[PDB]
$ cat structure34.pdb   # PDB, C-alpha atoms and all ligand atoms
ATOM      1  CA  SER T  42      -1.837 -15.212 -13.348  1.00  0.00           C
ATOM      2  CA  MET T  43      -4.865 -13.477 -11.781  1.00  0.00           C
ATOM      3  CA  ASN T  44      -5.191 -13.041  -7.994  1.00  0.00           C
ATOM      4  CA  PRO T  45      -7.262 -15.470  -5.921  1.00  0.00           C
ATOM      5  CA  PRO T  46      -9.803 -14.437  -3.278  1.00  0.00           C
ATOM      6  CA  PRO T  47      -7.878 -13.357  -0.181  1.00  0.00           C
ATOM      7  CA  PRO T  48      -7.771 -15.652   2.814  1.00  0.00           C
ATOM      8  CA  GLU T  49     -10.840 -15.592   5.053  1.00  0.00           C
ATOM      9  CA  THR T  50     -10.730 -13.116   7.977  1.00  0.00           C
ATOM     10  CA  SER T  51     -14.401 -13.391   8.982  1.00  0.00           C
ATOM     11  CA  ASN T  52     -16.525 -16.520   9.591  1.00  0.00           C
ATOM     12  CA  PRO T  53     -19.439 -16.076  12.003  1.00  0.00           C
ATOM     13  CA  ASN T  54     -20.189 -19.786  12.510  1.00  0.00           C
ATOM     14  CA  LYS T  55     -16.573 -20.512  13.453  1.00  0.00           C
ATOM     15  CA  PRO T  56     -16.442 -20.483  17.273  1.00  0.00           C
ATOM     16  CA  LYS T  57     -14.031 -17.940  18.759  1.00  0.00           C
ATOM     17  CA  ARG T  58     -11.960 -17.386  21.858  1.00  0.00           C
ATOM     18  CA  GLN T  59      -9.990 -14.544  23.306  1.00  0.00           C
ATOM     19  CA  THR T  60      -7.115 -16.109  25.223  1.00  0.00           C
ATOM     20  CA  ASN T  61      -4.055 -14.686  26.941  1.00  0.00           C
ATOM     21  CA  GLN T  62      -1.826 -16.493  24.407  1.00  0.00           C
ATOM     22  CA  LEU T  63      -3.859 -14.986  21.545  1.00  0.00           C
ATOM     23  CA  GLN T  64      -3.625 -11.566  23.242  1.00  0.00           C
ATOM     24  CA  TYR T  65       0.150 -12.061  23.426  1.00  0.00           C
ATOM     25  CA  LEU T  66       0.200 -12.951  19.720  1.00  0.00           C
ATOM     26  CA  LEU T  67      -1.400  -9.602  18.862  1.00  0.00           C
ATOM     27  CA  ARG T  68       0.186  -7.303  21.455  1.00  0.00           C
ATOM     28  CA  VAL T  69       3.720  -8.741  21.313  1.00  0.00           C
ATOM     29  CA  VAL T  70       4.283 -11.028  18.311  1.00  0.00           C
ATOM     30  CA  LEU T  71       2.296  -9.269  15.586  1.00  0.00           C
ATOM     31  CA  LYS T  72       3.238  -5.781  16.840  1.00  0.00           C
ATOM     32  CA  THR T  73       6.951  -6.640  16.748  1.00  0.00           C
ATOM     33  CA  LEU T  74       6.859  -8.005  13.184  1.00  0.00           C
ATOM     34  CA  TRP T  75       4.455  -5.382  11.843  1.00  0.00           C
ATOM     35  CA  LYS T  76       6.646  -2.418  12.884  1.00  0.00           C
ATOM     36  CA  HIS T  77       9.866  -4.080  11.584  1.00  0.00           C
ATOM     37  CA  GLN T  78      11.715  -2.323   8.692  1.00  0.00           C
ATOM     38  CA  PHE T  79      11.230  -5.486   6.576  1.00  0.00           C
ATOM     39  CA  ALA T  80       7.494  -5.929   7.331  1.00  0.00           C
ATOM     40  CA  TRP T  81       6.196  -4.166   4.215  1.00  0.00           C
ATOM     41  CA  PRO T  82       6.236  -7.058   1.720  1.00  0.00           C
ATOM     42  CA  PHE T  83       4.373  -9.220   4.241  1.00  0.00           C
ATOM     43  CA  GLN T  84       1.772  -6.607   5.308  1.00  0.00           C
ATOM     44  CA  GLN T  85      -0.834  -7.675   2.700  1.00  0.00           C
ATOM     45  CA  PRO T  86      -1.646 -10.567   0.337  1.00  0.00           C
ATOM     46  CA  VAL T  87       0.795 -11.111  -2.548  1.00  0.00           C
ATOM     47  CA  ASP T  88      -0.618  -9.124  -5.478  1.00  0.00           C
ATOM     48  CA  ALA T  89       0.590 -11.417  -8.214  1.00  0.00           C
ATOM     49  CA  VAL T  90      -0.750  -9.170 -10.957  1.00  0.00           C
ATOM     50  CA  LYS T  91       1.107  -5.963 -10.029  1.00  0.00           C
ATOM     51  CA  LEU T  92       4.259  -7.878  -8.968  1.00  0.00           C
ATOM     52  CA  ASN T  93       4.068  -9.812 -12.226  1.00  0.00           C
ATOM     53  CA  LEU T  94       4.360 -13.278 -10.668  1.00  0.00           C
ATOM     54  CA  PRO T  95       1.852 -15.217 -12.768  1.00  0.00           C
ATOM     55  CA  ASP T  96       3.023 -18.590 -11.366  1.00  0.00           C
ATOM     56  CA  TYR T  97       2.940 -17.519  -7.708  1.00  0.00           C
ATOM     57  CA  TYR T  98      -0.525 -18.899  -6.955  1.00  0.00           C
ATOM     58  CA  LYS T  99       0.197 -21.846  -9.245  1.00  0.00           C
ATOM     59  CA  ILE T 100       2.835 -22.844  -6.666  1.00  0.00           C
ATOM     60  CA  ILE T 101       1.433 -21.359  -3.405  1.00  0.00           C
ATOM     61  CA  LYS T 102      -1.926 -22.987  -2.493  1.00  0.00           C
ATOM     62  CA  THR T 103      -2.005 -21.697   1.099  1.00  0.00           C
ATOM     63  CA  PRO T 104      -1.319 -17.991   0.905  1.00  0.00           C
ATOM     64  CA  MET T 105      -0.920 -16.058   4.142  1.00  0.00           C
ATOM     65  CA  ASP T 106       0.271 -12.606   5.184  1.00  0.00           C
ATOM     66  CA  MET T 107       0.422 -10.385   8.287  1.00  0.00           C
ATOM     67  CA  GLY T 108      -2.439  -8.187   7.015  1.00  0.00           C
ATOM     68  CA  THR T 109      -4.647 -11.261   7.146  1.00  0.00           C
ATOM     69  CA  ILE T 110      -3.172 -12.353  10.495  1.00  0.00           C
ATOM     70  CA  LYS T 111      -3.649  -8.829  11.863  1.00  0.00           C
ATOM     71  CA  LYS T 112      -7.394  -8.864  10.993  1.00  0.00           C
ATOM     72  CA  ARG T 113      -7.768 -12.423  12.293  1.00  0.00           C
ATOM     73  CA  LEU T 114      -6.350 -11.332  15.669  1.00  0.00           C
ATOM     74  CA  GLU T 115      -8.069  -7.938  15.879  1.00  0.00           C
ATOM     75  CA  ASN T 116     -11.460  -9.339  14.889  1.00  0.00           C
ATOM     76  CA  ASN T 117     -11.085 -12.587  16.903  1.00  0.00           C
ATOM     77  CA  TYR T 118     -10.981 -15.149  14.079  1.00  0.00           C
ATOM     78  CA  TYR T 119      -9.075 -17.745  16.153  1.00  0.00           C
ATOM     79  CA  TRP T 120      -9.938 -20.383  18.714  1.00  0.00           C
ATOM     80  CA  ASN T 121      -6.341 -21.020  19.809  1.00  0.00           C
ATOM     81  CA  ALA T 122      -2.728 -19.841  19.634  1.00  0.00           C
ATOM     82  CA  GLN T 123      -1.600 -22.707  17.436  1.00  0.00           C
ATOM     83  CA  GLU T 124      -3.896 -21.668  14.553  1.00  0.00           C
ATOM     84  CA  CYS T 125      -2.338 -18.201  14.551  1.00  0.00           C
ATOM     85  CA  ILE T 126       1.142 -19.670  14.957  1.00  0.00           C
ATOM     86  CA  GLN T 127       0.453 -21.957  11.970  1.00  0.00           C
ATOM     87  CA  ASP T 128      -0.585 -18.908   9.904  1.00  0.00           C
ATOM     88  CA  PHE T 129       2.681 -17.110  10.717  1.00  0.00           C
ATOM     89  CA  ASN T 130       4.612 -20.295   9.848  1.00  0.00           C
ATOM     90  CA  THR T 131       2.734 -20.814   6.582  1.00  0.00           C
ATOM     91  CA  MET T 132       3.582 -17.220   5.554  1.00  0.00           C
ATOM     92  CA  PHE T 133       7.297 -17.842   6.039  1.00  0.00           C
ATOM     93  CA  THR T 134       7.142 -21.287   4.378  1.00  0.00           C
ATOM     94  CA  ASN T 135       5.368 -19.870   1.305  1.00  0.00           C
ATOM     95  CA  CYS T 136       8.237 -17.426   0.914  1.00  0.00           C
ATOM     96  CA  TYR T 137      10.967 -20.073   1.133  1.00  0.00           C
ATOM     97  CA  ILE T 138       9.096 -22.487  -1.176  1.00  0.00           C
ATOM     98  CA  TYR T 139       8.389 -19.948  -3.936  1.00  0.00           C
ATOM     99  CA  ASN T 140      11.558 -17.827  -3.902  1.00  0.00           C
ATOM    100  CA  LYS T 141      15.273 -18.505  -4.418  1.00  0.00           C
ATOM    101  CA  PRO T 142      17.654 -18.864  -1.469  1.00  0.00           C
ATOM    102  CA  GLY T 143      19.256 -15.481  -0.768  1.00  0.00           C
ATOM    103  CA  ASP T 144      16.663 -13.321  -2.555  1.00  0.00           C
ATOM    104  CA  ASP T 145      15.946 -10.110  -0.608  1.00  0.00           C
ATOM    105  CA  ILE T 146      12.427 -11.282   0.299  1.00  0.00           C
ATOM    106  CA  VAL T 147      13.907 -14.486   1.839  1.00  0.00           C
ATOM    107  CA  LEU T 148      16.416 -12.438   3.880  1.00  0.00           C
ATOM    108  CA  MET T 149      13.452 -10.344   5.046  1.00  0.00           C
ATOM    109  CA  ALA T 150      11.336 -13.384   5.982  1.00  0.00           C
ATOM    110  CA  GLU T 151      14.372 -14.820   7.793  1.00  0.00           C
ATOM    111  CA  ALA T 152      14.784 -11.648   9.896  1.00  0.00           C
ATOM    112  CA  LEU T 153      11.046 -11.535  10.700  1.00  0.00           C
ATOM    113  CA  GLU T 154      11.008 -15.273  11.489  1.00  0.00           C
ATOM    114  CA  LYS T 155      13.978 -15.046  13.858  1.00  0.00           C
ATOM    115  CA  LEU T 156      12.098 -12.422  15.884  1.00  0.00           C
ATOM    116  CA  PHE T 157       8.909 -14.525  15.641  1.00  0.00           C
ATOM    117  CA  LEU T 158      10.763 -17.538  17.075  1.00  0.00           C
ATOM    118  CA  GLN T 159      12.186 -15.506  19.989  1.00  0.00           C
ATOM    119  CA  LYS T 160       8.730 -14.177  20.951  1.00  0.00           C
ATOM    120  CA  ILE T 161       6.943 -17.538  20.540  1.00  0.00           C
ATOM    121  CA  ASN T 162       9.610 -18.989  22.777  1.00  0.00           C
ATOM    122  CA  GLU T 163       8.285 -16.744  25.578  1.00  0.00           C
ATOM    123  CA  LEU T 164       4.597 -17.493  24.806  1.00  0.00           C
ATOM    124  CA  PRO T 165       2.809 -17.379  28.195  1.00  0.00           C
ATOM    125  CA  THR T 166       1.226 -20.560  29.590  1.00  0.00           C
ATOM    126  CA  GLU T 167      -2.515 -20.628  28.940  1.00  0.00           C
ATOM    127  CA  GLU T 168      -4.531 -18.778  31.640  1.00  0.00           C
TER     128      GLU T 168
HETATM  129  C1  LIG Y   1       8.947 -10.475  -4.021  1.00  0.00           C
HETATM  130  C2  LIG Y   1       7.447 -10.251  -4.101  1.00  0.00           C
HETATM  131  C3  LIG Y   1       6.826 -10.507  -2.749  1.00  0.00           C
HETATM  132  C4  LIG Y   1       6.248  -9.500  -1.806  1.00  0.00           C
HETATM  133  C5  LIG Y   1       6.155  -8.036  -2.096  1.00  0.00           C
HETATM  134  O1  LIG Y   1       7.005  -7.464  -2.772  1.00  0.00           O
HETATM  135  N1  LIG Y   1       5.103  -7.390  -1.570  1.00  0.00           N
HETATM  136  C6  LIG Y   1       4.898  -5.947  -1.713  1.00  0.00           C
HETATM  137  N2  LIG Y   1       5.810 -10.110  -0.691  1.00  0.00           N
HETATM  138  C7  LIG Y   1       6.031 -11.433  -0.762  1.00  0.00           C
HETATM  139  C8  LIG Y   1       5.664 -12.412   0.321  1.00  0.00           C
HETATM  140  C9  LIG Y   1       6.689 -11.718  -2.065  1.00  0.00           C
HETATM  141  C10 LIG Y   1       7.075 -13.099  -2.512  1.00  0.00           C
HETATM  142  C11 LIG Y   1       7.115 -13.400  -3.987  1.00  0.00           C
HETATM  143  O2  LIG Y   1       7.301 -13.982  -1.706  1.00  0.00           O
END
$ encode --input "structure34.pdb" --output "structure tokens"
Amino acid sequence: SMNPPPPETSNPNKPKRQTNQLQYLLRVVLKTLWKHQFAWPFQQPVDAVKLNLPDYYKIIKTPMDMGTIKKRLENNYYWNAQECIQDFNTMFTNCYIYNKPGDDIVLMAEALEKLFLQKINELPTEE
């Protein structure tokens, strides 16, 4: 029932890269989702205590959110685009795994994910 440590956003010994695909993921992909009217539930880690979801972290062992992804991009956590893409995908998957089909949060994740898929479809080729 208590909240876990948030996902890591800083790790100095992890090697880093700033690539055009990763720049696209911040400038285009993250910006689009972050400003969306349904972004708010996904803008920070699930606070299981305040939301009263004591089994959330019992079920979800790989939590992820756009707040975390935003810091990871802004502070250059990643080596490649696929890591960041996997984080976005994990965030959506967590939602569908934990919640019931047709809950509001699932509709929200579905709208965000649709946009995410359209942008990732136009991911530039690596420079
Ligand atoms: C419905 C509770 C919830 C929020 C939220 O309401 N955040 C403020 N965000 C997420 C990802 C969820 C779940 C359980 O998937």
$ residues_around --input "structure34.pdb" --residues "residue 146 of chain T" --least-positions-apart "3" --cutoff "10 Å" --atoms "all atoms listed in the file" --output "PDB file with C-alpha atoms, in the frame of the given file"
ATOM      1  CA  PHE T  79      11.230  -5.486   6.576  1.00  0.00           C
ATOM      2  CA  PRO T  82       6.236  -7.058   1.720  1.00  0.00           C
ATOM      3  CA  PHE T  83       4.373  -9.220   4.241  1.00  0.00           C
ATOM      4  CA  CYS T 136       8.237 -17.426   0.914  1.00  0.00           C
ATOM      5  CA  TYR T 137      10.967 -20.073   1.133  1.00  0.00           C
ATOM      6  CA  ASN T 140      11.558 -17.827  -3.902  1.00  0.00           C
ATOM      7  CA  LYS T 141      15.273 -18.505  -4.418  1.00  0.00           C
ATOM      8  CA  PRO T 142      17.654 -18.864  -1.469  1.00  0.00           C
ATOM      9  CA  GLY T 143      19.256 -15.481  -0.768  1.00  0.00           C
ATOM     10  CA  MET T 149      13.452 -10.344   5.046  1.00  0.00           C
ATOM     11  CA  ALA T 150      11.336 -13.384   5.982  1.00  0.00           C
ATOM     12  CA  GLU T 151      14.372 -14.820   7.793  1.00  0.00           C
ATOM     13  CA  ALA T 152      14.784 -11.648   9.896  1.00  0.00           C
TER      14      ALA T 152
END
$ residues_near_ligand --input "structure34.pdb" --ligand "ligand LIG 1 (chain Y)" --cutoff "9 Å" --atoms "only C-alpha atoms and all ligand atoms" --output "PyMOL selection string"
chain T and resi 81-89+92-94+97+104-106+132-133+135-140+144-147+150
$ closest_residue --input "structure34.pdb" --among "T:109, T:42, T:59, T:159" --to "residue 96 of chain T" --atoms "all atoms listed in the file"
T:42
$ atom_distance --input "structure34.pdb" --atom1 "atom CA of residue 77 of chain T" --atom2 "atom CA of residue 153 of chain T"
7.6 Å
$ resolve_selection --input "structure34.pdb" --expression "the PyMOL selection byres (((chain T and resi 122) around 9) and not hetatm)" --output "list in words"
residues 60, 62, 63, 66, 119, 120, 121, 123, 124, 125, 126 and 127 of chain T
$ closest_residue --input "structure34.pdb" --among "T:166, T:134, T:114, T:70" --to "residue 102 of chain T" --atoms "only C-alpha atoms"
T:134
$ closest_residue --input "structure34.pdb" --among "T:64, T:50, T:73, T:78" --to "residue 128 of chain T" --atoms "all atoms listed in the file"
T:50
$ closest_residue --input "structure34.pdb" --among "T:80, T:156, T:74, T:43" --to "residue 98 of chain T" --atoms "only C-alpha atoms"
T:43
$ resolve_selection --input "structure34.pdb" --expression "the PyMOL selection byres (((chain T and resi 49) around 10) and not hetatm)" --output "PyMOL selection string"
chain T and resi 46-48+50-52+105+109-110+112-113+118
$ axis_aligned_box --input "structure34.pdb" --around "segment 92-96 of chain T" --padding-each-side "4 Å" --output "lines of an AutoDock Vina configuration file"
center_x = 3.1
center_y = -13.2
center_z = -10.9
size_x = 10.5
size_y = 18.7
size_z = 11.8
